[PDB]
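Trainee: Data file start37.cif (mmCIF, C-alpha atoms and all ligand atoms) is appended below.
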data_run
#
loop_
_atom_site.group_PDB
_atom_site.id
_atom_site.type_symbol
_atom_site.label_atom_id
_atom_site.label_comp_id
_atom_site.auth_asym_id
_atom_site.auth_seq_id
_atom_site.Cartn_x
_atom_site.Cartn_y
_atom_site.Cartn_z
ATOM 1 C CA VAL A 1 109.749 115.104 79.900
ATOM 2 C CA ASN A 2 109.322 111.388 80.657
ATOM 3 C CA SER A 3 110.489 107.950 79.516
ATOM 4 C CA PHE A 4 107.524 106.704 77.450
ATOM 5 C CA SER A 5 108.692 105.934 73.902
ATOM 6 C CA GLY A 6 106.937 105.525 70.578
ATOM 7 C CA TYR A 7 103.532 106.705 71.761
ATOM 8 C CA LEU A 8 101.219 108.364 69.260
ATOM 9 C CA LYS A 9 99.861 111.703 70.453
ATOM 10 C CA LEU A 10 96.055 111.718 70.315
ATOM 11 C CA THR A 11 95.317 114.915 72.279
ATOM 12 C CA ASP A 12 97.044 117.420 74.546
ATOM 13 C CA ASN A 13 97.211 114.813 77.323
ATOM 14 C CA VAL A 14 96.423 111.344 75.857
ATOM 15 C CA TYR A 15 99.018 109.180 74.073
ATOM 16 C CA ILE A 16 98.573 105.633 72.698
ATOM 17 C CA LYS A 17 100.788 102.672 71.765
ATOM 18 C CA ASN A 18 100.311 99.084 70.587
ATOM 19 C CA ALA A 19 102.197 97.403 73.429
ATOM 20 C CA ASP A 20 101.984 94.954 76.314
ATOM 21 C CA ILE A 21 101.410 97.064 79.449
ATOM 22 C CA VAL A 22 103.592 94.642 81.462
ATOM 23 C CA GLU A 23 106.585 95.243 79.195
ATOM 24 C CA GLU A 24 105.955 98.991 79.197
ATOM 25 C CA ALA A 25 105.847 98.975 82.998
ATOM 26 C CA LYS A 26 109.043 96.929 83.254
ATOM 27 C CA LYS A 27 110.799 99.440 80.970
ATOM 28 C CA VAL A 28 109.488 102.776 82.273
ATOM 29 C CA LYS A 29 108.769 101.992 85.955
ATOM 30 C CA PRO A 30 106.005 104.620 85.980
ATOM 31 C CA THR A 31 104.740 106.222 89.143
ATOM 32 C CA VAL A 32 101.316 104.693 88.431
ATOM 33 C CA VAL A 33 100.242 101.679 86.384
ATOM 34 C CA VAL A 34 96.486 101.187 86.085
ATOM 35 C CA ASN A 35 94.979 97.734 86.496
ATOM 36 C CA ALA A 36 91.652 96.853 84.873
ATOM 37 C CA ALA A 37 90.363 95.305 88.086
ATOM 38 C CA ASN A 38 87.123 93.753 89.255
ATOM 39 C CA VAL A 39 85.440 94.668 92.552
ATOM 40 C CA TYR A 40 86.951 91.621 94.307
ATOM 41 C CA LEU A 41 90.485 92.321 93.075
ATOM 42 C CA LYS A 42 90.578 88.761 91.723
ATOM 43 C CA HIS A 43 93.319 89.092 89.110
ATOM 44 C CA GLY A 44 92.557 86.105 86.912
ATOM 45 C CA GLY A 45 92.919 87.166 83.294
ATOM 46 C CA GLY A 46 93.340 90.097 80.987
ATOM 47 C CA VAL A 47 95.392 93.050 82.205
ATOM 48 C CA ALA A 48 94.893 92.003 85.812
ATOM 49 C CA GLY A 49 96.020 88.422 85.367
ATOM 50 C CA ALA A 50 99.007 89.566 83.306
ATOM 51 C CA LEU A 51 100.117 92.244 85.789
ATOM 52 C CA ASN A 52 99.643 89.875 88.701
ATOM 53 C CA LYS A 53 101.626 87.098 87.003
ATOM 54 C CA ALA A 54 104.463 89.572 86.396
ATOM 55 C CA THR A 55 104.543 90.300 90.166
ATOM 56 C CA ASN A 56 104.888 86.582 90.965
ATOM 57 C CA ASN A 57 101.396 86.723 92.594
ATOM 58 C CA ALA A 58 102.437 89.430 95.090
ATOM 59 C CA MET A 59 99.714 91.702 93.686
ATOM 60 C CA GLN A 60 97.092 89.047 94.482
ATOM 61 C CA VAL A 61 98.429 88.453 98.011
ATOM 62 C CA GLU A 62 98.306 92.187 98.739
ATOM 63 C CA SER A 63 94.858 92.471 97.150
ATOM 64 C CA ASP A 64 93.427 89.651 99.264
ATOM 65 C CA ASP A 65 94.521 91.454 102.423
ATOM 66 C CA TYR A 66 92.990 94.691 101.086
ATOM 67 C CA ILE A 67 89.618 93.007 100.477
ATOM 68 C CA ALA A 68 89.668 91.188 103.822
ATOM 69 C CA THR A 69 90.047 94.561 105.551
ATOM 70 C CA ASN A 70 87.949 96.861 103.364
ATOM 71 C CA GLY A 71 85.484 94.768 101.377
ATOM 72 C CA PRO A 72 84.902 95.028 97.636
ATOM 73 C CA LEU A 73 85.344 98.118 95.517
ATOM 74 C CA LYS A 74 82.451 99.809 93.706
ATOM 75 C CA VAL A 75 82.006 99.515 89.963
ATOM 76 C CA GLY A 76 83.446 102.836 88.812
ATOM 77 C CA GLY A 77 85.730 102.982 91.855
ATOM 78 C CA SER A 78 89.405 102.426 92.559
ATOM 79 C CA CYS A 79 92.078 101.883 95.162
ATOM 80 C CA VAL A 80 95.817 102.604 95.257
ATOM 81 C CA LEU A 81 98.052 99.642 96.120
ATOM 82 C CA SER A 82 101.714 98.812 95.521
ATOM 83 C CA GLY A 83 103.096 98.594 92.006
ATOM 84 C CA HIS A 84 105.504 95.879 93.192
ATOM 85 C CA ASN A 85 108.323 95.350 90.664
ATOM 86 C CA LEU A 86 106.420 97.123 87.863
ATOM 87 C CA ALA A 87 105.662 100.656 89.110
ATOM 88 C CA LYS A 88 105.647 102.670 92.307
ATOM 89 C CA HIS A 89 101.866 102.302 92.642
ATOM 90 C CA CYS A 90 99.096 100.333 90.994
ATOM 91 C CA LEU A 91 95.768 102.132 90.648
ATOM 92 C CA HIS A 92 93.174 99.335 90.535
ATOM 93 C CA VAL A 93 90.204 100.786 88.613
ATOM 94 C CA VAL A 94 86.898 98.947 88.111
ATOM 95 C CA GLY A 95 85.253 99.712 84.799
ATOM 96 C CA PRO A 96 81.851 98.165 84.146
ATOM 97 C CA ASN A 97 81.931 94.639 82.694
ATOM 98 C CA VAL A 98 79.248 94.423 80.001
ATOM 99 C CA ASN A 99 79.673 90.639 79.889
ATOM 100 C CA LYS A 100 78.508 90.644 83.533
ATOM 101 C CA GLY A 101 75.574 92.929 82.710
ATOM 102 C CA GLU A 102 77.036 96.081 84.290
ATOM 103 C CA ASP A 103 76.066 99.652 83.385
ATOM 104 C CA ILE A 104 78.357 101.155 80.732
ATOM 105 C CA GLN A 105 77.443 104.653 81.970
ATOM 106 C CA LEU A 106 79.813 103.931 84.903
ATOM 107 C CA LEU A 107 82.774 104.074 82.497
ATOM 108 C CA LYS A 108 83.083 107.848 82.889
ATOM 109 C CA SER A 109 83.207 107.481 86.674
ATOM 110 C CA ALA A 110 85.917 104.836 86.280
ATOM 111 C CA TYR A 111 88.086 107.155 84.166
ATOM 112 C CA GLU A 112 87.599 110.033 86.644
ATOM 113 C CA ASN A 113 89.853 108.110 89.053
ATOM 114 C CA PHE A 114 92.746 108.837 86.674
ATOM 115 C CA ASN A 115 92.476 112.579 87.437
ATOM 116 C CA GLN A 116 93.907 111.993 90.924
ATOM 117 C CA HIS A 117 97.317 111.173 89.365
ATOM 118 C CA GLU A 118 99.468 113.480 87.257
ATOM 119 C CA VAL A 119 100.815 110.730 84.937
ATOM 120 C CA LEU A 120 99.599 107.158 84.371
ATOM 121 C CA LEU A 121 100.325 104.112 82.217
ATOM 122 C CA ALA A 122 96.935 102.534 81.592
ATOM 123 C CA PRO A 123 94.865 100.059 79.538
ATOM 124 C CA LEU A 124 91.623 100.782 77.674
ATOM 125 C CA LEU A 125 89.005 100.311 80.397
ATOM 126 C CA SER A 126 85.947 98.098 79.861
ATOM 127 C CA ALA A 127 87.071 96.989 76.359
ATOM 128 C CA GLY A 128 88.095 93.494 75.279
ATOM 129 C CA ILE A 129 86.845 90.783 77.639
ATOM 130 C CA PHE A 130 84.913 93.437 79.623
ATOM 131 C CA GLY A 131 82.587 93.599 76.621
ATOM 132 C CA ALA A 132 82.243 97.325 75.862
ATOM 133 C CA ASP A 133 82.802 99.117 72.549
ATOM 134 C CA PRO A 134 86.505 100.078 72.481
ATOM 135 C CA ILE A 135 85.939 103.125 70.246
ATOM 136 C CA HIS A 136 83.497 104.377 72.883
ATOM 137 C CA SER A 137 85.940 103.700 75.716
ATOM 138 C CA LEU A 138 88.689 105.697 73.989
ATOM 139 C CA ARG A 139 86.248 108.584 73.457
ATOM 140 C CA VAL A 140 85.257 108.564 77.140
ATOM 141 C CA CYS A 141 88.928 108.475 78.141
ATOM 142 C CA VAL A 142 89.859 111.516 76.037
ATOM 143 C CA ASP A 143 86.734 113.396 77.172
ATOM 144 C CA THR A 144 87.193 112.596 80.894
ATOM 145 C CA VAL A 145 90.870 112.307 81.796
ATOM 146 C CA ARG A 146 92.674 115.644 82.159
ATOM 147 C CA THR A 147 95.988 114.306 83.501
ATOM 148 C CA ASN A 148 98.670 112.728 81.307
ATOM 149 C CA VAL A 149 97.679 109.213 80.271
ATOM 150 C CA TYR A 150 99.771 106.752 78.240
ATOM 151 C CA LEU A 151 97.465 104.050 76.894
ATOM 152 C CA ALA A 152 98.904 100.620 76.076
ATOM 153 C CA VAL A 153 96.670 98.592 73.741
ATOM 154 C CA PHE A 154 97.592 94.913 73.480
ATOM 155 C CA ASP A 155 95.638 93.794 70.432
ATOM 156 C CA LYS A 156 97.370 94.973 67.221
ATOM 157 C CA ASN A 157 94.245 94.921 65.038
ATOM 158 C CA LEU A 158 92.370 96.845 67.733
ATOM 159 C CA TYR A 159 95.101 99.486 68.002
ATOM 160 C CA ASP A 160 95.009 100.031 64.239
ATOM 161 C CA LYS A 161 91.197 100.273 64.310
ATOM 162 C CA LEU A 162 91.221 102.745 67.219
ATOM 163 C CA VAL A 163 93.745 105.052 65.558
ATOM 164 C CA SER A 164 92.058 104.918 62.160
ATOM 165 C CA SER A 165 88.638 105.799 63.629
ATOM 166 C CA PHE A 166 89.712 108.419 66.187
ATOM 167 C CA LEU A 167 88.060 111.825 65.905
HETATM 168 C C1 LIG B 201 91.580 96.131 75.477
HETATM 169 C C2 LIG B 201 92.591 94.997 75.729
HETATM 170 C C3 LIG B 201 93.774 95.210 74.778
HETATM 171 O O1 LIG B 201 94.493 96.198 74.997
HETATM 172 O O2 LIG B 201 93.937 94.400 73.841
HETATM 173 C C4 LIG B 201 93.070 94.921 77.205
HETATM 174 N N1 LIG B 201 93.856 93.713 77.455
HETATM 175 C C5 LIG B 201 95.141 93.663 77.853
HETATM 176 O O3 LIG B 201 95.845 94.657 78.027
HETATM 177 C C6 LIG B 201 95.683 92.270 78.054
HETATM 178 N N2 LIG B 201 94.824 91.219 78.020
HETATM 179 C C7 LIG B 201 95.301 89.986 78.180
HETATM 180 N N3 LIG B 201 96.554 89.594 78.379
HETATM 181 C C8 LIG B 201 97.412 90.647 78.423
HETATM 182 N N4 LIG B 201 98.772 90.611 78.606
HETATM 183 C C9 LIG B 201 99.296 91.888 78.596
HETATM 184 C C10 LIG B 201 98.282 92.787 78.379
HETATM 185 C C11 LIG B 201 97.067 92.020 78.270
HETATM 186 C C12 LIG B 201 91.972 95.027 78.265
HETATM 187 C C13 LIG B 201 91.624 96.261 78.825
HETATM 188 C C14 LIG B 201 90.630 96.346 79.815
HETATM 189 C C15 LIG B 201 89.962 95.195 80.275
HETATM 190 C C16 LIG B 201 90.301 93.951 79.733
HETATM 191 C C17 LIG B 201 91.299 93.892 78.740
#
Turn the structure described in the file into structure tokens.
Ligand SMILES: C[C@@H](C(=O)O)[C@H](NC(=O)c1ncnc2[nH]ccc12)c1ccccc1

Mentor:
Amino acid sequence: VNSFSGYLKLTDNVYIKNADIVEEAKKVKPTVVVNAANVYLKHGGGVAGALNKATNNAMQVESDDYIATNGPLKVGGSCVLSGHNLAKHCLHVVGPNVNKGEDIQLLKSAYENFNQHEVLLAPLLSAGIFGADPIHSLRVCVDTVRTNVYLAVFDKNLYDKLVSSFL
């Protein structure tokens, strides 16, 4: 049993809600919140900008030290950093950005990072401003993640479209 409320059950392990991931994190304080990061951990907009703003820029400060020490992530890769005031940990996951010309086949690899954590609050990777088909991303999520994932979809029209088209 956990604290996530009002999520629609899609499969044995995947649940979905039309919600702002920042507000969900502030309410539940999950062990892991997933950020839709880029390889440089530059948290400018989207999920990343919103999470970072909610941490008063502490996420960015921590991320800059991470990159200075370790260099950029891989597309499809991840790192575990602090969740600051929002969660115990933040799993920064890099899905491919189609608007940058990156390979959508890497989306499965990106979702595989979720399997290292028993429960996660997460966004829909590579969708929205990352340019990929959101129906496809949800399919890859359900067909790749085996641990318990609570998906928070910001856009209301998108949420309705995803639910109504889900197989
Ligand atoms: C799909 C899309 C959505 O769920 O609509 C999602 N975006 C957000 O979650 C979002 N965007 C901008 N400002 C925000 N503030 C609070 C949340 C939030 C998203 C997922 C992966 C990559 C980029 C974007």

Trainee: What residues have any atom no more than 7 Å from ligand LIG 201 (chain B) when counting all atoms listed in the file, and can you list them as an NGL selection string?

Mentor: :A and (20-22 or 36 or 45-47 or 50 or 123-130 or 152-155 or 158)

Trainee: Just to be explicit: take each residue in the selection above, keep C-alpha atoms, and write the result as a compact mmCIF listing (two decimals), keeping the file's coordinate frame.

Mentor:
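In the end it all went to result14.txt:
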# COMPACT_ATOMS: atom_id res chain seq x y z
CA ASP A 20 101.98 94.95 76.31
CA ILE A 21 101.41 97.06 79.45
CA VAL A 22 103.59 94.64 81.46
CA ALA A 36 91.65 96.85 84.87
CA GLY A 45 92.92 87.17 83.29
CA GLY A 46 93.34 90.10 80.99
CA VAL A 47 95.39 93.05 82.20
CA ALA A 50 99.01 89.57 83.31
CA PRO A 123 94.86 100.06 79.54
CA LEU A 124 91.62 100.78 77.67
CA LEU A 125 89.00 100.31 80.40
CA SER A 126 85.95 98.10 79.86
CA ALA A 127 87.07 96.99 76.36
CA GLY A 128 88.10 93.49 75.28
CA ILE A 129 86.84 90.78 77.64
CA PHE A 130 84.91 93.44 79.62
CA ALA A 152 98.90 100.62 76.08
CA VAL A 153 96.67 98.59 73.74
CA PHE A 154 97.59 94.91 73.48
CA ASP A 155 95.64 93.79 70.43
CA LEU A 158 92.37 96.84 67.73

Trainee: Give me the result of the PyMOL selection byres (((chain A and resi 54-64) around 7) and not hetatm) on this file, residue by residue, as a list in words.

Mentor: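 In the shown coordinates, the PyMOL selection byres (((chain A and resi 54-64) around 7) and not hetatm) covers residues 41, 43, 50, 51, 52, 53, 65, 66, 67, 68, 84 and 85 of chain A.
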
Trainee: Between CA of residue 72 in chain A and CA of residue 95 in chain A, measure the distance and give it in Å to one decimal.

Mentor: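 A separation of 13.7 Å between them.
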
Trainee: Of the candidates A:115, A:35, A:165, A:78, which one gets nearest to residue 144 in chain A if we count all atoms listed in the file?

Mentor: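 Result for the nearest residue to residue 144 in chain A: A:115.
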
Trainee: Which residues come within 6 Å of residue 98 in chain A, counting all atoms listed in the file, excluding same-chain residues fewer than 4 positions away, as a PyMOL selection string?

Mentor: chain A and resi 102+130-132

Trainee: Using all atoms listed in the file, which of the listed residues (A:146, A:133, A:17, A:33) sits closest to residue 99 in chain A?

Mentor: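 Checking each candidate against residue 99 in chain A, we get A:133 as the closest.
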
Trainee: From the list A:18, A:137, A:147, A:82, which residue is nearest residue 107 in chain A when using all atoms listed in the file?

Mentor: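 Looking only at the distances to residue 107 in chain A, the closest residue turns out to be A:137.
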
Trainee: Assuming the input is short of atoms at range 65-89 of chain A, produce N, CA, C and O atoms for that part as a short mmCIF file (atom, residue, chain, number, x, y, z; two decimals), keeping the file's coordinate frame.

Mentor:
data_model
loop_
_atom_site.label_atom_id
_atom_site.label_comp_id
_atom_site.auth_asym_id
_atom_site.auth_seq_id
_atom_site.Cartn_x
_atom_site.Cartn_y
_atom_site.Cartn_z
N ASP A 65 94.52 90.75 101.15
CA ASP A 65 94.52 91.45 102.42
C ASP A 65 93.69 92.73 102.35
O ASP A 65 92.93 93.04 103.28
N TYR A 66 93.80 93.48 101.25
CA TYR A 66 92.99 94.69 101.09
C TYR A 66 91.50 94.38 101.19
O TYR A 66 90.75 95.08 101.88
N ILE A 67 91.04 93.35 100.47
CA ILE A 67 89.62 93.01 100.48
C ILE A 67 89.19 92.49 101.85
O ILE A 67 88.09 92.80 102.32
N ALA A 68 90.03 91.69 102.50
CA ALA A 68 89.67 91.19 103.82
C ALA A 68 89.45 92.33 104.81
O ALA A 68 88.59 92.23 105.69
N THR A 69 90.18 93.43 104.65
CA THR A 69 90.05 94.56 105.55
C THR A 69 88.91 95.49 105.14
O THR A 69 88.17 95.99 106.01
N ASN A 70 88.77 95.76 103.84
CA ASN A 70 87.95 96.86 103.36
C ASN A 70 86.70 96.44 102.61
O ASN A 70 85.82 97.30 102.39
N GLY A 71 86.58 95.18 102.22
CA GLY A 71 85.48 94.77 101.38
C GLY A 71 85.69 95.18 99.93
O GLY A 71 86.67 95.83 99.57
N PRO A 72 84.75 94.79 99.07
CA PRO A 72 84.90 95.03 97.64
C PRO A 72 84.86 96.51 97.27
O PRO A 72 84.28 97.35 97.96
N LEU A 73 85.48 96.81 96.13
CA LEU A 73 85.34 98.12 95.52
C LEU A 73 83.94 98.27 94.93
O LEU A 73 83.16 97.32 94.85
N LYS A 74 83.63 99.50 94.51
CA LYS A 74 82.45 99.81 93.71
C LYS A 74 82.81 99.73 92.23
O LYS A 74 83.92 100.08 91.83
N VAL A 75 81.85 99.31 91.40
CA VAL A 75 82.01 99.52 89.96
C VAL A 75 82.09 101.01 89.71
O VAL A 75 81.24 101.78 90.18
N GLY A 76 83.12 101.44 88.98
CA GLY A 76 83.45 102.84 88.81
C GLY A 76 84.47 103.36 89.79
O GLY A 76 84.95 104.49 89.62
N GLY A 77 84.82 102.57 90.82
CA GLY A 77 85.73 102.98 91.86
C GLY A 77 87.15 102.47 91.65
O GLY A 77 87.50 101.86 90.64
N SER A 78 87.99 102.76 92.65
CA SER A 78 89.40 102.43 92.56
C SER A 78 90.03 102.34 93.95
O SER A 78 89.48 102.84 94.94
N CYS A 79 91.22 101.76 93.99
CA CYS A 79 92.08 101.88 95.16
C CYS A 79 93.53 101.92 94.70
O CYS A 79 93.86 101.40 93.63
N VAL A 80 94.38 102.54 95.51
CA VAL A 80 95.82 102.60 95.26
C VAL A 80 96.50 101.54 96.10
O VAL A 80 96.37 101.54 97.33
N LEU A 81 97.24 100.65 95.45
CA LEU A 81 98.05 99.64 96.12
C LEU A 81 99.47 99.73 95.57
O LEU A 81 99.79 100.61 94.76
N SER A 82 100.34 98.82 96.01
CA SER A 82 101.71 98.81 95.52
C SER A 82 101.77 98.46 94.03
O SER A 82 100.98 97.66 93.53
N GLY A 83 102.76 99.02 93.34
CA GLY A 83 103.10 98.59 92.01
C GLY A 83 104.11 97.48 91.96
O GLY A 83 104.47 97.04 90.86
N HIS A 84 104.59 97.02 93.11
CA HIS A 84 105.50 95.88 93.19
C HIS A 84 106.72 96.15 92.31
O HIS A 84 107.30 97.24 92.41
N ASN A 85 107.14 95.20 91.49
CA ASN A 85 108.32 95.35 90.66
C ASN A 85 108.05 96.13 89.39
O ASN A 85 108.99 96.38 88.63
N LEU A 86 106.81 96.55 89.14
CA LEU A 86 106.42 97.12 87.86
C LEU A 86 106.30 98.64 87.87
O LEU A 86 106.53 99.28 86.83
N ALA A 87 105.94 99.23 89.01
CA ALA A 87 105.66 100.66 89.11
C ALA A 87 105.71 100.99 90.59
O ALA A 87 105.71 100.10 91.44
N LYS A 88 105.75 102.28 90.90
CA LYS A 88 105.65 102.67 92.31
C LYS A 88 104.31 102.22 92.88
O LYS A 88 104.25 101.52 93.91
N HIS A 89 103.22 102.59 92.20
CA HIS A 89 101.87 102.30 92.64
C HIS A 89 101.10 101.61 91.53
O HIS A 89 101.37 101.83 90.34
#
